[PDB]
């Protein structure tokens, strides 16, 4: 809502992150979308380390942000920081009640994220599956 506007204003106008096969994704691309859910999560890097990230669940995408020096930035991992919601599925992590695998189809990729509680995880999973089955077509809503 106004939360999205806050986030937008807390971001450097030159901030940009690639979306493979689609194009660049900058601060303006945020305002093209509805902010459906947002929250801090833990991203498991390849390093096996956990990176604190602000996660935005939007109309058609998931956005990962980092709280670097009082502004927001797109982080730079070996996975895209913006992910298409289309045909995305959620898997549970065996024995880790607070973790979940997010597997995307555009293109195939896997993200591993952990919440703070079984409850938090339930909320995220619910709200993600919902946003995924109502994701707009790329014909009507290009990711660009």
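Numbering follows the first chain given and starts at 1.
When the mean C-alpha temperature factors of 10 to 18 and 127 to 135 are read from the deposited coordinates, 10 to 18 comes out higher. Relative to one another, 98 to 106 and 45 to 53 have unequal mean CA B-factors, and 45 to 53 is the one with the higher figure. Note on 79, 27, 32, 114: the highest value goes to 27, judged by CA B factor as recorded. Per the deposited record, 67 carries the highest C-alpha B-factor of all listed residues (92, 38, 67, 60).
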